[PDB]
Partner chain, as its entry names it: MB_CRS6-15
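A lone chain, given as structure tokens: the form deposited without the partner chain.
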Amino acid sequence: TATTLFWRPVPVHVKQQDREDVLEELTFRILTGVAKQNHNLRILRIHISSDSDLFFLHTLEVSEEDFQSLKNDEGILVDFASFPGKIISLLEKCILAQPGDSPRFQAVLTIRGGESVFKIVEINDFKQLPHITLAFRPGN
């Protein structure tokens, strides 16, 4: 019963444990729908995969309850329905990113043994600052 709002490849810096940062081409899928346990709870789903690595799967599921905790931590000002639209804008900046840009937007995925932290940062002439930080889980 899920509906896909977003399905495009996104350039992402993948950082695995004891490796080094490497720019991989990852597929992003954003879906809206209801929980498997409860049809009254709206769920926002984000799936990260790869065409090269068929076993590279990372997933985030955000309920309206989880979004409340996310609003407090990340300082989000929008509603639940407006949340995917804001992510897509940030993702597009990573897609159209060029070396000569300032500020320059980048997507980073850091994996640490069953825990993966995804973020989209801004690189300017001063520093690197995150625009969003989300916790992902390995698998589907």
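Numbering follows the first chain given and starts at 1.
The form deposited with the partner chain bound exists for this protein as well; it is not shown, and the discussion that follows is about that form.
Taking the partner from the other structure, the partner chain in the bound PDB entry has a heavy atom within 4.5 Å of a heavy atom of residue 4.
The shortest heavy atom separation between residue 58 and the partner chain in the bound PDB entry exceeds 4.5 Å. Not displayed here, the partner chain is approached by residue 92 to within 4.5 Å at the level of heavy atoms in the bound PDB entry.
Of the heavy atoms in residue 137, none are within 4.5 Å of the partner chain in the bound PDB entry.
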